[PDB]
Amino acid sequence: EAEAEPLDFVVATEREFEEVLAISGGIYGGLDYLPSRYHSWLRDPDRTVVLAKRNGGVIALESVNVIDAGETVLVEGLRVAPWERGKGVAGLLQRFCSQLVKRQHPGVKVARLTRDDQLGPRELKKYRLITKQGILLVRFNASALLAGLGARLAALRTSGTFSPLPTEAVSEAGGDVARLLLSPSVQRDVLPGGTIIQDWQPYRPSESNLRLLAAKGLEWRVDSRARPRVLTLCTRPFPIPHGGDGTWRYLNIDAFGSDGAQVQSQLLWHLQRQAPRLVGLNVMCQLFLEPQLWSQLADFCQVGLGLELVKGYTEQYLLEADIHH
């Protein structure tokens, strides 16, 4: 039997927040950002959050955000209510949103997205792979980490097993971020596929996008400002639904470059910076890094820092498709 009422595509408002939550159960195994981010999305000037409704009720959501100085649309948050899946809803929503973008933003040349599910024949046919990072997901209690870290490092030092390497400060206000990310050799030799990936969101390394990043409260670290080889980027932690008790936060660290020892030392630096703010809370900490460094960093986290690995190796794919007419 056909559905009694047709699909309607509308721009999201704060009124649908509770309805959007109701369709989002179980997404990303509890690491879903949208509960914490929905209200900020509605304020973003280049973003349109589209809801698919049937008979007045929300059944799907997609966000399109124009970035890269008008040349790219980033697709985020695609979701269909569990009870509406497998019927083509996501496909219809994607088509409405692509038509909307082409209508309102003729300058947009490509669509981009990130994902971590295995790529099948279909994906490789429709999308170009710009780059990929390995994904390392660990969990810890922030207070327990802080209470034990001193003794942990001290034993690692006296054992001759690990000592933190020197790292260098990166100030956005001071202009360090721009000097690094606008350097063509950093873009070629450090950034994955020449791209900034920040909490799953890809940006071409441009002054326009640096203004967007500057507003997010990010923390950066580098091995050497004069001779950059490893650059790391920590996104401010935010609440996630995991566990259902409100105590969990998601801490995203993107690591760019090939020197595993510096990824280790910079990871430690970010943990020492961020964990004091997370006292009393539980942390899903997800590190994105060059794939050939994953095993080194997984051992460092589990053996070195006593952190608990949440899942095995997976990959973050940055995918791109041309816009067509």
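Start at 1 and count along the sequence shown; that's the residue number.
- In this entry, 110-118 shows the higher mean Cα temperature factor of the pair 71-79 and 110-118.
- Just going by the entry, 214-222 versus 242-250 on mean CA temperature factor gives the higher value to 242-250.
- Residue-level inspection of the entry shows that, of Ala155, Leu231, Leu136, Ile130, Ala155 has the top Cα B-factor.
- Each of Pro205, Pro237, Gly174, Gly193 has a CA temperature factor in the record; the biggest one is found at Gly174.
- The entry lists a Cα temperature factor for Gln198 that places it in the lowest third of the chain's modelled residues.
- Compared with the other modelled residues of the chain, the Cα B-factor recorded for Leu182 ranks in the lowest third.
- Ranked against the other modelled residues of its chain, the C-alpha B-factor of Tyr317 as given in the entry falls in the lowest third.
- In the PDB entry, a CA B factor belonging to the middle third of its chain's modelled residues is recorded for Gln264.
- Annotation for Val89: CA B-factor lies in the middle third of the chain's modelled residues.
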